[PDB]
Amino acid sequence: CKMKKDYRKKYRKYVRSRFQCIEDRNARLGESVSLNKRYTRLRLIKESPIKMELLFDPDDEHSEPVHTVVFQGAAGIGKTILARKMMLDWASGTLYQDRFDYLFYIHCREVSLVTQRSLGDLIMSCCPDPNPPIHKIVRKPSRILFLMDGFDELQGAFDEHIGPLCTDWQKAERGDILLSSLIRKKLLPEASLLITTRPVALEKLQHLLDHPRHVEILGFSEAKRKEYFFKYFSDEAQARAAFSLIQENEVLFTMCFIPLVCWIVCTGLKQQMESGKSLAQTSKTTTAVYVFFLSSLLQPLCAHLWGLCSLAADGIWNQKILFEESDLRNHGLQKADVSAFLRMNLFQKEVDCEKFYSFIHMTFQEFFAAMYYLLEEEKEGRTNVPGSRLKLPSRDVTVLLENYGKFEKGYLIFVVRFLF
Amino acid sequence: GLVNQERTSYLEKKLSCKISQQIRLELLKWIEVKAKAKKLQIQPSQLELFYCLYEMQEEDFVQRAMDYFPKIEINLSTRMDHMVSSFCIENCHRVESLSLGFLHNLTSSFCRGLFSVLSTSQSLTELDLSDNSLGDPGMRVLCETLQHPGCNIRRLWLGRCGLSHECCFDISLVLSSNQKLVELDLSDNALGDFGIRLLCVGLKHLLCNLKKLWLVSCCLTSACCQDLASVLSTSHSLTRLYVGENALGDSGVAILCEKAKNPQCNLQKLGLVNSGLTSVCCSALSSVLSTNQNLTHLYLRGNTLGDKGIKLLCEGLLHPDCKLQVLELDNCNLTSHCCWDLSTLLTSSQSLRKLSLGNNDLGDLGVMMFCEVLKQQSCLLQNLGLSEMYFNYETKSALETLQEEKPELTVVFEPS
């Protein structure tokens, strides 16, 4: 009568078979095996570096299990690879082997938000057997982890404000409600959830989570940087050319270990391509990269650069990396202007246990400080600011140069290089 | 609930009678159809029909409606669900198999009122309690009820129940008392070596009629083989022993073989699957195959036996007193150099019927040789395996040809 078999093992085999490669699709050089062993382990940071293991475990206190974890990173990283690889490492018995009996892949590019269905995702992600043991461990929460691959890639309107909680997996409801029900932990309570998404969809996601464990990309590995460049640029010919421009320069690569910086240099290189430039450049030309970056960042604000450039000039002259909100106000860079530049990712709020604002990299602070000396139109808003008169340290390049050989002034070496 | 007979006066008779009889019949038919239509749907999922019967607390009806449930599979979320299923299951004389998907209840006496019913059924034969939180404290309750003189449960599928060594004591008490239990599956649990030492207390006991025992993936090591070997030697009824997916390496099998080789041993199927065996113990397996004429099925997949292991097994398999019918050799880390020995088995072993060669790099040329020899009046008429094994064109053609030229062969079963 009853089939006495360990379906979780059958499922694991299916997953190992289904997710052998990076794509598991044809046209891959004659549909060859991509060999996922080429994957470089991605380093993760708790919003504090963490491993792939202990991802859902309680932290140092409280002993409270983490039901939902959200993964953040730059566009072009290949977030789908992480989602797929995790399931393979699990199916192979190396990742979360003693924590989950099932991992269910949810491909947000396939999921229909309009379509009304029961939680058949548990069935559709199973082996070919049309009648899986949906009422066994496949049903029992706490040993089940769902993987939302590409939350930002869900097709169609999605509302974070939903009346119905769509509980009871056997009841059919709309895909948008169904996904939110899993996210809000109303459907299959105590089940775990892992979400991979671009920053662009976090605003409409956090509302459904309340108290998630947020995770973002230590930084990139050497191989990860390469993959980022090749995926960021949709045109492989430009991907190679853009990569070549940076490939010559070891210094720029080192800073590109930061996911944000890698995005920035790719963005600057992309602007150079779009402009129709000859690419007769050897980037670190750190200036050229940052100039192209700001061109594409600010062109789509630009009249408020003075404020932050003055901020930067103060930063280098007084050896100040961390700025107070008082400084932001004094330099005429406050409220609306600060938010504009934070959205145009260029600044940090030092959310890691600090109350100060800062530049995303020391080279940016130095870069802007150099712009400070060169900035042009004339605006009275820099003198009518409540912090006036400002000490706008000088704008005297001679003084900058005279203090070149002075660690006491923050070296100013890079600042001079940036002026050049 | 309303369609009933056991009620008083005082305006409880303001309801209809002829119509009440007509509805009773319609409700019965409704249950019959939904009870038989046992599929995933938003119609009454078995237990929902029980809720209906629970309200209609009329044994004359309930015991009749329940005869449409030969196979019951329900999921209990709370106390009310146990009350409902308890009532309906008790009032059922045609159920052969029951599956209880305990949910967020268990490790408690909470379900005692249900297990005490199952043990009084005279028709229930198979009880499936796998894949739920029936931890040791819950197994104790069941074990108390499985000792009932009228239990009649023959097949008890205690799979991933989250059991450990503590339950083995209680299970042994069942084995030493319950003479009806035939098939017991304790796989995918934590019944480590100690659990086996306790379990074997019942297995070696008189009146223990257990025939099939699964101890697959129970965190066992070779240390437990000393007790399992004793069971194989003494047990009058144990014929099916599955102990794969464990740390019962070569040194463990040698122990089991020392007793399993005894010609008076009743062992028929030996599931030494992913036991981590090497060619080292194949001489022990060979001895068993040669001497134990009761051994008909041997499953060695997952064991990196290699070509040396095959050669050693052949010494036993080709022996005139070997009666092995089914040999499974899937991921056994075999290569083309063993094809001469496998080929020998294909035509020289007159007892062998099935040979499940599988996920190993055997070589397509080796397989073509098998085709040529099988045609020479081979008795190996069952599935030849060779699954997940890929071949060139000429080899695939040879295999297809074999099936056509040797129609008495059940199947090759190529992957593509």
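Protein sequence lines correspond, in order, to chains C and A. Mapping of the first sequence onto full-length UniProt numbering: residues 130 to 176, 201 to 453, 462 to 581, in sequence order. Mapping of the second sequence onto full-length UniProt numbering: residues 582 to 686, 725 to 1035, in sequence order. Cβ atoms here follow ideal geometry from the backbone N, Cα and C, with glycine treated the same way.
Check whether A:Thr-923 and A:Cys-951 have beta carbons under 8 Å apart
yes
By DSSP's criteria, C:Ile-259 is part of a beta bridge. Which residues make up the other side?
C:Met-301
Who are the neighbours of C:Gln-323 on chain A, taking C-beta pairs under 9 Å?
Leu-621, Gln-622, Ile-623 and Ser-626
If we cut at 8 Å on Cβ distances, does C:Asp-135 have a partner in chain A?
yes
Which complete alpha helix (DSSP H) runs does the region 482 to 536 of chain C hold, if anything under 4 residues is left out?
486 to 491, 497 to 504 and 523 to 535
Tell me whether A:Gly-814 sits in a helix, a strand or coil according to DSSP, three-state version.
helix
Considering only C-alpha positions, which residue in the set C:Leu-208, C:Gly-231 and C:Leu-405 is nearest to C:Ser-345?
C:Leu-208
Indicate whether A:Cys-827 and A:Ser-795 have their beta-carbon atoms separated by less than 8 Å.
yes
With the cut-off set at 8 Å, would you say C:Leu-256 and C:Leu-300 are in Cβ contact?
yes
With distances taken Cα to Cα, identify the nearest neighbour of C:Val-546 among C:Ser-428, C:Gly-468 and C:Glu-427.
C:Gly-468
Are the region 233 to 249 of chain C and the region 133 to 153 of chain C touching, with three or more C-beta to C-beta distances below 8 Å?
yes
Can you check whether the CB of A:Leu-817 is closer than 8 Å to the CB of A:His-784?
yes
Using DSSP's beta-bridge definition, name the partner residues of A:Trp-833.
A:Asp-804 and A:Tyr-861
Pull up the distance between the alpha-carbon of A:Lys-617 and that of A:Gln-624, whole angstroms please.
12 Å
8 Å CB neighbourhood of A:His-956 in its chain, flanking five on each side removed:
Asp-926
What in chain A is Cβ-close to C:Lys-131, meaning under 7 Å?
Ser-678, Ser-680, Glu-745, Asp-747 and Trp-776
Residue span of the alpha helix (DSSP H) that contains A:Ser-752, given as start and end
Segment: none, A:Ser-752 is in no alpha helix (DSSP H) and carries neither H nor E.
Kindly indicate which three-state DSSP category C:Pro-412 falls into: helix, strand or coil?
helix
Own chain residues within Cβ distance below 7 Å of C:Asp-305, not counting five before or after:
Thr-350, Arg-351, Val-353 and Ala-354
Could you say which of A:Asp-983, A:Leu-630, A:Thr-1020 and A:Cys-838 lies nearest to A:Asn-893 if we only look at CA atoms?
A:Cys-838
CB contact below 8 Å: A:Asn-808 versus chain C
no
When the distance is taken between beta carbons, is A:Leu-964 closer than 8 Å to A:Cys-990?
no
A:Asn-656 CB to nearest chain C CB: under 8 Å?
yes
Quick check on A:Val-1030: does DSSP put it in helix, strand or coil?
coil
Got a sec: which bits of the region 917 to 943 of chain A sit with their beta carbon under 7 Å from any beta carbon on chain C, in order along the chain?
none
Quick check on C:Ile-290 - is its C-beta less than 8 Å from some C-beta in chain A?
yes
Check the Cβ-Cβ distances between C:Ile-297 and every residue of chain A, and say whether any is below 8 Å.
no
Buried or exposed, going by whether 16 or more other CB atoms sit within 10 Å of the CB of C:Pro-211?
exposed
How would you list, in chain order, the residues of chain A whose beta-carbon sits under 9 Å from the beta-carbon of C:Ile-287?
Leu-621
With 16 other Cβ atoms within 10 Å as the buried cut-off, status of A:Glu-1033
buried
How far does the beta strand (DSSP E) with A:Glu-613 in it reach, from first residue to last?
Here A:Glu-613 belongs to no beta strand (DSSP E); instead the alpha helix (DSSP H) covers 599 to 617.
If we count the other Cβ atoms within 10 Å of its Cβ and call it buried at 16 or more, is C:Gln-424 buried or exposed?
buried
To the nearest angstrom, report how far apart A:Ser-1035 and A:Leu-953 are at their CA atoms.
21 Å
Name the chain C residues whose beta carbon is nearer than 9 Å to that of A:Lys-652?
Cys-130 and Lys-131
Does DSSP put C:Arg-327 in a helix, in a strand, or in coil?
strand
A:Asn-656 by DSSP, collapsed to three states: which one?
strand
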